[PDB]
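One-letter residues, chain by chain:
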Amino acid sequence: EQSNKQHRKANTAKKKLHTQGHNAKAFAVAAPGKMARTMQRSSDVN
Amino acid sequence: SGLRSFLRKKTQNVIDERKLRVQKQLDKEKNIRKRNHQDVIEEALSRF
Amino acid sequence: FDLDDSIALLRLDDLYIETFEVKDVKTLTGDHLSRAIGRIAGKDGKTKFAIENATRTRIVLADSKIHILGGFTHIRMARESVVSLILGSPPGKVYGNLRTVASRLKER
Amino acid sequence: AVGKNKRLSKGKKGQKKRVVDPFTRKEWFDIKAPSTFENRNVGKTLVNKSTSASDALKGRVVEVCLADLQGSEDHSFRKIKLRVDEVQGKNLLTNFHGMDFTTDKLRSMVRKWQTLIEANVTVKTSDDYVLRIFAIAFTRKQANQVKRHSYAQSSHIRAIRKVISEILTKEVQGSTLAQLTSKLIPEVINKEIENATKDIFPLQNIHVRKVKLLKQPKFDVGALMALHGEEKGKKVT
RNA sequence: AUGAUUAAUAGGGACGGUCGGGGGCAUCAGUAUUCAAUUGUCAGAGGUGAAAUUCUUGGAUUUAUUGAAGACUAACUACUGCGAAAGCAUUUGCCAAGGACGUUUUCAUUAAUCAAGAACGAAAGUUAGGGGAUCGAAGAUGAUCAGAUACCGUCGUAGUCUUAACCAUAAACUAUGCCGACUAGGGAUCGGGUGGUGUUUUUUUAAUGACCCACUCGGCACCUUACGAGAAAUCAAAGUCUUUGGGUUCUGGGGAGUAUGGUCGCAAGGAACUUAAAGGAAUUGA
Ligand SMILES: [Mg+2]
Ligand SMILES: [Mg+2]
Ligand SMILES: [Mg+2]
Ligand SMILES: [Mg+2]
Ligand SMILES: [Mg+2]
Ligand SMILES: [Mg+2]
Ligand SMILES: [Mg+2]
Ligand SMILES: [Mg+2]
Ligand SMILES: [Mg+2]
């Protein structure tokens with residue numbers, strides 16, 4: 001009947017962006033909405 | 001519970017102890033009030 | 001010790017008192033020391049009575065000072081169980097060993 | 001363990017035979033205490049007979065309770081050490097060597113909910129006898145006190161300690177050891193400490209816990225005889 | 001020599017008497033451990049659940065009078081004190097520092113939070129000296145018998161201590177950013193101050209206490225409850241009368257396995273064979 005409550009020991013989403021050598025945030029498009037519409041069409045043409 | 005119950009017991013005992021001591025003083029003062037209400041060598045040494 | 005227990009010293013001729021402190025077993029301080037005393041006593045004093053009944057002794061737990069009254073072999077048995085509790089053994093595990101020795105005590 | 005099952009040891013090989021009872025050659029000697037104490041007879045001790053006996057006698061220290069020496073139980077908790085200094089016809093003339101309390105008495109006074117004050121001073125008597133005195137005192141609660149404890153502030157403790165050191169230093173310097181021992185027995189020193197330190201803070205169980213003898217001057221047989229208060233032989237024929 | 005108002009139950013500075021196991025440098029004491037000198041006696045001492053290494057008739061263990069070394073400040077020690085935290089308990093002196101309180105003294109917005117940027121930071125650990133008593137990772141060795149005493153015994157390196165630098169980590173906890181205001185009762189304690197009262201006190205040396213009651217600031221805490229909050233444990237904050245704004249910094253969007261078109265790493269080296277088998281077991285068989 002001896003029970004000890006377990007100790008709660010302590011990679012954030014922000015650090016995932018910088019995990020590569022480059023900063024993933026720094027290479028993005030101006031209009032992501034336009035991009036998705038164009039990628040889907042071009043994929044269908046290919 | 002645990003250690004905290006034991007600490008509670010000690011404080012309660014001290015609190016109970018204080019009540020008994022205070023009541024003794026009140027009893028004694030009442031006695032003094034009631035008491036107040038109701039050889040040549042020794043006199044020379046009464047001051048000592 | 002209780003008076004009726006103390007009378008056993010007059011009645012019998014081979015009862016002794018063993019005495020030792022918590023600091024002798026282990027240097028416990030602050031809350032650690034206070035928890036150790038509670039571990040020896042147990043909830044409602046049950047752990048202390050379990051040792052007393054098993055080993056045929058009487059124990060007085062005066063702060064960090066432990067006194068054990070009983071026969072020479074008996075007080076040593078009680079001392080070991082108390083010391084295990086001080087070293088940190090949970091009461092339940094000590095209770096099991098008390099049942100084992102308590103069984104042996106009857107057959108002999 | 002003298003059993004046969006016990007493993008043999010190397011030391012058991014060659015053992016000296018017990019062929020002389022040591023107490024055959026021992027000689028008894030009587031110990032006498034100074035005149036400051038009421039009861040001079042403080043027992044007897046033994047030494048090997050001179051082949052000298054006196055050399056082993058000198059420097060021997062015996063500790064005895066004051067209750068035996070003063071014949072009253074009021075000093076049951078105080079012990080006096082006496083050191084043999086001279087020997088005359090199986091009588092061992094002893095002198096004060098120290099004082100101390102029984103352990104049980106010391107543990108009794110120390111209690112919770114009060115402050116322990118202890119002071120020590122190294123001081124010499126007028127006889128050039130260097131000695132160290134230890135004093136102990138405890139706070140007490142007044143008659144009408146309601147607080148559980150009676151602790152004193154460190155300023156009070158330092159004030160009390162200074163007063164105690166002044167009194168201990170004053171008495172020892174302005175007294176001989178024979179006079180100093182005469183003061184210890186009635187405990188007049190403690191009463192003096194009580195009155196002086198009293199206005200600072202009420203106190204209880206004021207005692208001179210211990211007395212040590214750090215140094216001694218040149219031994220003076222003439223002074224020793226005066227403290228204890230010569231003899232022709234008998235023609236052997 | 002000369003322009004403005006308050007003096008915030010904001011802040012800073014000053015002064016007064018205190019308070020503190022706050023800090024640094026000296027100094028004093030205390031037994032205890034180990035060792036050594038002398039001393040009396042003689043077979044064991046030690047240690048374990050039980051034993052063996054080990055020490056010992058050159059006297060061990062034990063006894064008495066001492067001395068030396070290095071640590072450490074028992075009992076007093078408390079739901080008490082101080083410090084930004086880590087931490088801090090022998091005496092005395094020196095050096096500077098500090099909270100609170102008292103003030104009909106002074107300045108007059110000098111403040112809060114804080115990227116950047118800085119000091120201290122338990123224990124362990126690294127470099128170079130000193131010291132080295134106790135305990136003691138590592139290593140060696142005795143015993144490997146018995147499960148409540150199941151890992152113990154002896155020697156013991158580094159270390160434990162200190163000096164000058166590195167290391168910057170703890171369950172370094174309210175498992176809980178900071179500043180300000182407000183919203184319940186109760187009496188215990190620590191420090192300061194005010195008033196009353198009568199005990200202990202005491203006197204032209206000087207100097208000033210202890211206790212009781214009432215009040216008031218600041219503090220470590222505690223008990224009963226929340227007309228509030230929460231699912232609950234519980235919370236005087238984790239509350240601010242149904243859904244939301246007093247100021248400001250940071251941060252977010254458990255326990256077991258499976259596989260890998262991925263990334264980075266990780267060593268050394270120059271000869272079988274028998275009858276498968278009563279071709280047996282046997283004090284027990286035929
Ligand atoms: Mg102001
Ligand atoms: Mg000041
Ligand atoms: Mg010897
Ligand atoms: Mg204090
Ligand atoms: Mg101390
Ligand atoms: Mg070194
Ligand atoms: Mg901590
Ligand atoms: Mg607030
Ligand atoms: Mg006050």
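Residues numbered from 1 in each chain as written, not as in the entry; some residues may be left out. Chains lettered and ligands numbered in written order. Part of a larger assembly, values for the part shown. Heavy atoms only, no water.

Per the PDB record, this model was obtained through cryo-EM at a reported resolution of 3.01 Å.

Peer 1: Hey, could you go over the interface of chain D and chain B for me, with residue numbers and the actual values?
Peer 2: Taken together, the 6 residues of chain D in the interface contact 6 residues of chain B. Where chain D abuts chain B, roughly 490 Å² becomes buried across the two surfaces, and 51% of that area is made up of carbon and sulfur atoms. Sorting the residues of chain D by area buried against chain B places D:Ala143, D:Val146 and D:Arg148 first, and these three jointly supply 76% of that buried surface. On the surface where chain D and chain B come into contact, there are 0 salt bridges. Tallied by class, the residues present in the side of chain D that touches chain B amount to 2 nonpolar, 2 polar and 2 charged. (Contact = heavy atoms within 4.5 Å. Buried area = accessible area lost by both parts, 1.4 Å probe. Salt bridge = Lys/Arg side-chain N within 4 Å of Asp/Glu carboxyl O. Nonpolar A, V, L, I, M, F, W, Y, C, P; charged D, E, K, R; others polar.)

Peer 1: Which residues make up the pattern of salt bridges, and what values go with them?
Peer 2: All names here are of chain C. Under the counting rule described, the total for this entry stands at 11 salt bridges over all chains. Residue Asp5 pairs with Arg58 through a salt bridge whose shortest N-O separation is 3.7 Å. On the criterion of sequence distance, the pair formed by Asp5 in helix α1 (residues 3-11) and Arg58 in strand β2 (residues 58-62) is long-range, its members being 53 residues apart. In this structure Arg58 comes out as partly exposed when scored by relative accessible area, which is 34%. Of the charged contacts, one joins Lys65 and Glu21 as a salt bridge, the two residues approaching to 4.0 Å between their closest N and O atoms. One end of the pair, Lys65, is in strand β3 (residues 65-70); the other, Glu21, is in strand β1 (residues 16-21), with 44 residues separating them in the sequence. The exposure class assigned to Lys65 is partly exposed, which follows from its relative accessible area of 33%. One salt-bridge network, in which partners are shared between bridges, spans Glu18, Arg79 and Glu80. (Helix = DSSP H or I, 4+ residues; strand = E, 2+ residues; numbered from the N terminus. Buried < 20%, exposed > 50% of the residue type's maximum accessible area, 1.4 Å probe, protein only.)

Peer 1: For the arrangement of the chains, give the residues involved together with the corresponding values.
Peer 2: Looking across the 3 pairs of chains in contact, one finds the most contacts between chains B and D. A minimum C-alpha distance of 13 Å separates chain A and chain B, which share no contact. Between chain C and chain D there is no contact; the minimum C-alpha to C-alpha separation amounts to 13 Å.

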